[PDB]
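In structure tokens, one chain follows: the form deposited without ligand 3S5.
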């Protein structure tokens, strides 16, 4: 009883809104800046064609073929490896804990954009240290934008073990954003009709304005050269490779179960290969273009301040809140452009959060529809999920919560855990289920036989990349650091590893549970649990599909 997407363009708009946003405008520039700039692009493209796009198309095709969500699809494909879907759910849950927190910051910035002069312009406020000097007079000192970010918005603490006191303004902003998300999920309100145009054209318009500004700012050539020219010796450490791979996985929202759910509503006879390739190219181009503006702004800041490009802003989640607000003040009438930019960022983040939360709730209600999907029960479950997520995200709202966010940025919904899922999604498909059988299914669905690119990416390239990155990250281990200076304690790293393992351990525990449930000799149990249970039976009669 899976609902169709009705209009073809509706699915394209929904996925485009889902898989673009803070991952392209916020996470990508900060990860590129943290990893030296140009050297980050070489793995990024390697994980872009070898994996990422093949994995995204694999998830979409699995959703369209099984006509099931993020959990039942693996039940139909390979019952033994069903826990992968569960793992995906856990991952998305962790994302909903922290991915919305960024919006709160943006909301705060929006509330700071309704005054005559932007607060991040001069060193004369009450939160400015004596070492605050205007960048025009900088010819050690700290930029007013950085001080506003890390002393007014955040009020950063000396460490994660110093939570301080909860910030009521950021807590109220997060509560308002969560209320907006809850109302959107409950009432079903979403971009419909002409609004979708403003939902689609506006985010790509304002960025273009930034592309006009950053390019024309003096000293942007140095920033562009830093962003494009790679450092060879920077590729010898696994950090850049794993960051690029996880950024590729994060931007495409794969290994979360949302893409499979979105592809489930697609019609069985629908050429989703071309659409998936076009959307992936659009997402990659958006990230690449936004990087140009970000690094041109950073180069201008480096030229005006006289410090090196690698030491102009925060090498962390707050890079987008130090660079773009700086470029806003350069444009005439900075208040209007700041309001527009933060509205665009809030819209992108809200669309991504809507898609992810709705997918998670759909997966949860589909897992056990009994006593959960009865009308008001679904509303109560949505309210409970939103309240639990807000209470969990309140830990990153305190003065010393930024460090916590970094952990959720590094281990939760990112890092080796994604490499844990992307491998197991491929190995089951490529070797257990069979690459040729899935190719026959795709030929039956889209109408033409695909090339060997997807088969060779599922069979070899993606598993090899995932296992190599995991092994090299373990062998050459470097503890997580915040802004290249702060060193997390042992317990913080243990908490981050526990957050990663909460999703990584779903796959092996479900295997043991399935083996214990089945009765008989071990070989018979494994053979029974490795047999797909009619993957296309849902659409066998709906579209006259060929049985598996």
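Each form is matched to the other, and the largest set of C-alpha atoms that superpose within 1.5 Å is called the rigid core. Numbering follows the first chain given and starts at 1.
Below: the form deposited with ligand 3S5 bound, not depicted.
In the deposited complex, ligand 3S5 sits within 4.5 Å of a heavy atom of residue 352. Remark: residue 356 counts among the residues lining ligand 3S5 in the deposited complex, judged by a heavy atom distance of 4.5 Å or less. Within this chain, residue 250 lines the site of ligand 3S5 in the deposited complex, having a heavy atom no more than 4.5 Å away. Heavy atoms of residue 402 never reach within 4.5 Å of ligand 3S5 in the deposited complex, leaving it off the interface.
Note on the partner interface in the deposited complex: the residue among 301, 256, 240, 101 having a heavy atom within 4.5 angstroms of ligand 3S5 is 256.
In the deposited complex, just one residue of 69-98 lies within 4.5 Å of ligand 3S5 by at least one heavy atom: 95. Measuring CA movement between this form and the one not shown with the rigid core aligned, the set 339, 383, 172, 372 has one residue at 2 Å or more: 372.
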